[PDB]
Trainee: 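I am attaching a structure below and will ask some questions about it afterwards.
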Amino acid sequence: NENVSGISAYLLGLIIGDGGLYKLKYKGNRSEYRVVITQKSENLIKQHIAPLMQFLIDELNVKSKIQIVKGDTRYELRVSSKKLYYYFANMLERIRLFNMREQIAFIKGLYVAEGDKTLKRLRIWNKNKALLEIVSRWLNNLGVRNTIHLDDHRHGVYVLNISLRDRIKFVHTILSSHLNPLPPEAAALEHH
DNA sequence: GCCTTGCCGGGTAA
DNA sequence: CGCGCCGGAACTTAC
DNA sequence: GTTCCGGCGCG
DNA sequence: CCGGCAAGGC
Ligand SMILES: [Mn+2]
Ligand SMILES: [Mn+2]
Ligand SMILES: [Mn+2]
């Protein structure tokens, strides 16, 4: 479980990108702790994401179930679990200390969430500049050059652009790495 | 003249 | 009574 | 993506 | 996120 640290970082990438970590207060004084990943495709959630999360749940001995909730515009993968909530939230605080394998898992997960998925250009969008700057250093250390600029003035959304000059390096070494789960498209490219 | 990458508006998938 | 899992979905907006 | 709702479980 | 347009570089 060099392997659940990997699956974890991958899942954290999807969570940070397309989901969230929610601590809720209710009447009264009831509460709830949620780990959420949302996504349009129901089979992507059920076939590629949910089984990774389930593996993690079993390893951590989390007794919560994986819920799949249908919304009008997206499916929601949801785990209601205080333990899993803090497991991911602490990991998120220690993100700058990720070892190399975790960095790749995380970047891969973040790319599935927010990346340019035509792969004609290699781009990641986010309003969290500090998060993108952490990914920028990780990429540079991996020999993948990149820039960051404000790409949407209306919403404060930055873009991280990966130089097409390191396209093969990025796609083969980060996205297609077999040290942790392969994202779709990348796995499909390998099998053709 | 062929790429690469910043800029930007549309609107879906968060 | 005081909190923490379910199951749904109305609501806002960041990709 | 975010936070409401009603519900149940358990010490 | 997508995809078009254009300034900039080679
Ligand atoms: Mn996001
Ligand atoms: Mn997103
Ligand atoms: Mn996405």
Side-chain angles (χ1 to χ4, degrees), chain A residues 11-46 48-50 53-54 56-58 60-89 92 106-133 135-136 139-140 144-171 175 183-186:
Chain A
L11 287 170
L12 188 59
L14 304 175
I15 294 167
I16 294 323
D18 279 351
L21 299 175
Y22 307 117
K23 177 190 297 169
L24 296 126
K25 304 315 186 194
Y26 302 148
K27 292 153 10 173
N29 323 350
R30 298 177 305 123
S31 68
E32 199 182 348
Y33 305 81
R34 292 181 179 183
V35 176
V36 164
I37 298 158
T38 70
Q39 204 73 191
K40 168 94 162 313
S41 173
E42 204 200 343
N43 300 319
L44 183 65
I45 291 205
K46 284 183 179 169
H48 298 275
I49 298 170
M53 182 62 84
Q54 188 67 240
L56 184 49
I57 275 180
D58 295 341
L60 299 180
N61 291 119
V62 170
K63 313 255 153 156
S64 291
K65 61 163 299 200
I66 294 188
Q67 304 178 55
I68 308 302
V69 184
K70 175 207 202 161
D72 252 0
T73 65
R74 76 209 198 328
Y75 282 88
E76 173 191 345
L77 182 158
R78 176 195 305 172
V79 188
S80 190
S81 172
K82 187 185 182 175
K83 173 170 185 181
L84 189 64
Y85 172 82
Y86 282 108
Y87 173 83
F88 283 116
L92 178 57
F106 181 84
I107 288 163
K108 183 172 340 184
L110 185 65
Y111 200 89
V112 167
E114 323 271 55
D116 184 317
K117 272 146 306 203
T118 84
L119 296 175
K120 301 200 189 218
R121 308 166 76 171
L122 298 164
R123 299 179 286 175
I124 301 163
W125 292 272
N126 219 83
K127 280 182 69 164
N128 189 328
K129 184 188 290 180
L131 175 62
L132 287 176
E133 304 273 15
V135 177
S136 198
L139 290 174
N140 274 314
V144 183
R145 318 151 210 153
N146 65 90
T147 59
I148 298 171
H149 75 94
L150 184 56
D151 185 68
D152 191 326
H153 276 91
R154 313 164 291 177
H155 299 274
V157 182
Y158 296 90
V159 76
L160 183 158
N161 190 78
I162 278 169
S163 179
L164 296 177
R165 148 166 201 69
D166 297 320
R167 153 191 299 278
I168 275 66
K169 235 191 211 178
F170 179 66
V171 174
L175 289 193
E185 311 199 342

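Numbered from 1 within each chain, the chains take letters A, B, ... in sequence-line order. Computation of the quantities below employed the complete heavy-atom set of this structure, encompassing side-chain atoms and omitting hydrogens, waters and symmetry-equivalent molecules.
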Trainee: Is there a donor-acceptor pair closer than 3.5 Å between any side-chain N or O of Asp166(A) and the backbone N or O of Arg145(A)?
Mentor: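 Answer holds: yes.
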Trainee: Could you state the atom-to-atom distance from NE2 of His155(A) to P of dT12(C) in whole Å?
Mentor: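 Rounded to whole Å, this separation is 15 Å.
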Trainee: Please determine whether a side-chain nitrogen of the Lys or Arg among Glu133(A) and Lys129(A) lies less than 4.0 Å from a carboxylate oxygen of the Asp or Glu.
Mentor: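 Salt bridge absent between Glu133(A) and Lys129(A).
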Trainee: At 4.0 Å (heavy atoms only), tell me whether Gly156(A) reaches a base, stays on the sugar-phosphate, or touches nothing.
Mentor: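 No contact.
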Trainee: Would you state whether a donor and an acceptor, one from the side chain of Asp18(A) and one from the base of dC15(C), lie under 3.5 Å apart?
Mentor: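 Between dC15(C) and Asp18(A), which were checked side chain against base, a qualifying N/O pair under 3.5 Å is absent.
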Trainee: Taking for each residue the nucleotide of DNA chain C bearing the nearest heavy atom, is the 5' side occupied by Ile16(A) or by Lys63(A)?
Mentor: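 It is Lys63(A), whose closest nucleotide lies nearer the 5' terminus.
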Trainee: For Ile37(A) and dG1(D), what is the distance between atoms CD1 and P respectively, to the nearest whole Å?
Mentor: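 Distance, rounded to whole Å: 12 Å.
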Trainee: Indicate yes or no for a side-chain donor-acceptor contact from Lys108(A) to the backbone of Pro183(A) under 3.5 Å, with no hydrogens or angles considered.
Mentor: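 Side chain of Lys108(A) to backbone of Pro183(A), a donor-acceptor pair under 3.5 Å: no, none is there.
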Trainee: Could you check how far CG of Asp116(A) sits from P of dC7(B), rounded to whole Å?
Mentor: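 It works out to 17 Å between those atoms.
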Trainee: To the nearest Å, how far apart are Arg154(A) CZ and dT12(B) P?
Mentor: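 Roughly 14 Å, once rounded to whole Å.
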Trainee: Please report the sugar pucker of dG11(B) as north or south based on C1'-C2'-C3'-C4'.
Mentor: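 Because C1'-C2'-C3'-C4' is negative here, the pucker of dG11(B) counts as south.
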Trainee: Can you tell me the distance, in whole Å, between the CG atom of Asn161(A) and the P atom of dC8(B)?
Mentor: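 Roughly 16 Å, once rounded to whole Å.
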Trainee: Give a yes/no answer on whether the side chain of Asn126(A) brings an N or O atom under 4.0 Å of OP1 or OP2 in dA14(C).
Mentor: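 Answer is no, no contact under 4.0 Å.
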Trainee: Between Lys127(A) and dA14(C), is there a side-chain N or O to OP1/OP2 distance below 4.0 Å?
Mentor: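 For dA14(C), OP1/OP2 do have a side-chain N/O of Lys127(A) under 4.0 Å.
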Trainee: Distance check, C1' atoms only: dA13(B) and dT2(D), in whole angstrom units.
Mentor: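 Result for the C1' pair: 15 Å, nearest Å.
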Trainee: Please measure how far the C1' atom in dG11(B) lies from the corresponding atom in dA6(E), and state the result in whole Å.
Mentor: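 After rounding to an integer number of Å, I get 23 Å for this pair.
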Trainee: Select base, sugar-phosphate, or nothing to describe what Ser31(A) touches, counting heavy atoms under 4.0 Å on all strands.
Mentor: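 Base, at least one base heavy atom under 4.0 Å.
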Trainee: For the side chain of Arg34(A) and the base of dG4(C), is some donor closer than 3.5 Å to an acceptor across the two?
Mentor: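 Between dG4(C) and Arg34(A), which were checked side chain against base, a qualifying N/O pair under 3.5 Å is absent.
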Trainee: For DNA chain C, whose closest nucleotide is more 5', that of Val69(A) or that of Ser80(A)?
Mentor: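 By nearest-heavy-atom nucleotide position, the 5'-most residue is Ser80(A).
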Trainee: Any side-chain N or O of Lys65(A) less than 4.0 Å from the OP1 or OP2 oxygen of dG7(C)?
Mentor: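 So the side chain of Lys65(A) is within the cut-off, an N or O lying under 4.0 Å from OP1 or OP2 of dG7(C).
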Trainee: Figure out the OH/P separation between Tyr85(A) and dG4(C), and round it to whole Å.
Mentor: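 Atom-to-atom, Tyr85(A) to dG4(C), this comes out as 12 Å.
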Trainee: Looking at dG4(C), I'd like to know if its phosphate oxygens (OP1 or OP2) sit under 4.0 Å from a side-chain N or O belonging to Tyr33(A).
Mentor: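 Answer yes for this pair, as a side-chain N or O of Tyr33(A) is under 4.0 Å from OP1 or OP2.
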Trainee: Between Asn43(A) and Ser41(A), does any side-chain donor sit less than 3.5 Å from a side-chain acceptor?
Mentor: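 Absent: no donor and acceptor within the cut-off.
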Trainee: When the nearest nucleotide of DNA chain E is assigned to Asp152(A) and to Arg121(A) on a heavy-atom basis, which residue is associated with the more 5' position?
Mentor: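 Nearest-nucleotide comparison on DNA chain E picks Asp152(A).
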Trainee: Name the nucleic acid region contacted by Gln67(A), choosing base, sugar-phosphate or nothing; use a 4.0 angstrom heavy-atom cut-off, strictly under.
Mentor: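 Answer is base: heavy atoms of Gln67(A) come under 4.0 Å of a base.
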Trainee: When the distance from CG of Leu119(A) to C1' of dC1(E) is rounded to whole Å, what number comes out?
Mentor: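 Roughly 13 Å, once rounded to whole Å.
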Trainee: Sticking with atom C1', work out how far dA7(E) lies from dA10(C), rounded to a whole angstrom.
Mentor: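 Pairwise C1' distance, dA7(E) against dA10(C), rounds to 45 Å.
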Trainee: Hey, does the side-chain of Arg78(A) have a donor or acceptor N/O within less than 3.5 Å of a partner on the base of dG7(C)?
Mentor: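 Yes, a donor-acceptor pair under 3.5 Å.
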Trainee: Can you tell me if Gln39(A) touches the phosphate of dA14(B), counting only side-chain N or O atoms and a distance under 4.0 Å to OP1 or OP2?
Mentor: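 Yes, such a contact exists.
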Trainee: Got a donor-acceptor pair under 3.5 Å from the side chain of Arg74(A) to the base of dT2(D)?
Mentor: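 Yes.
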Trainee: Would a distance-only check, ignoring hydrogens and angles, find a side-chain to backbone donor-acceptor pair under 3.5 Å from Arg121(A) to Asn161(A)?
Mentor: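 No, the answer is negative, given that no donor and acceptor are paired below the 3.5 Å cut-off.
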Trainee: Can you tell me how far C1' in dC15(C) sits from the matching atom in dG3(E), rounded to whole Å?
Mentor: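 Nearest-Å result for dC15(C) against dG3(E) at atom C1': 14 Å.
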Trainee: For a quick test of reading the model: is some side-chain N or O of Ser163(A) closer than 4.0 Å to OP1 or OP2 of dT4(B)?
Mentor: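 Looking at the OP1 and OP2 atoms of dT4(B), neither is under 4.0 Å from any side-chain N or O of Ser163(A).
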Trainee: Under the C1'-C2'-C3'-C4' criterion, what is the pucker of the sugar in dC5(C): north or south?
Mentor: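 Since its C1'-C2'-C3'-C4' torsion is negative, the sugar of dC5(C) is on the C2'-endo, or south, side.
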Trainee: Looking at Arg30(A) and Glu32(A), does any basic side-chain N land under 4.0 Å from a carboxylate oxygen?
Mentor: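 Answer for the salt bridge query: no.
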Trainee: Going by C1'-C2'-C3'-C4' alone, is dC5(D) a north or a south sugar?
Mentor: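 Pucker of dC5(D): north.
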Trainee: Within less than 4.0 Å of OP1 or OP2 of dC7(B), is there a side-chain N or O belonging to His149(A)?
Mentor: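 For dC7(B), OP1 or OP2 has a side-chain N or O of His149(A) closer than 4.0 Å.
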Trainee: Under 3.5 Å, is there an N or O donor on one side and an acceptor on the other linking the side chain of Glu32(A) and the base of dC6(C)?
Mentor: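 Such a pair is found, so the answer is yes.
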Trainee: Can you find a side-chain donor-acceptor pair between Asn146(A) and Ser136(A) that sits under 3.5 Å?
Mentor: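 Yes, side-chain donor-acceptor contact under 3.5 Å.
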Trainee: Across the strands shown, which category fits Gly28(A) at heavy-atom distances under 4.0 angstrom: base, sugar-phosphate, nothing?
Mentor: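 Counting heavy atoms under 4.0 Å across all strands, no contact is made by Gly28(A).
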Trainee: How many Å lie between CG on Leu122(A) and P on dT4(B), as a whole number?
Mentor: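 Result: 10 Å.
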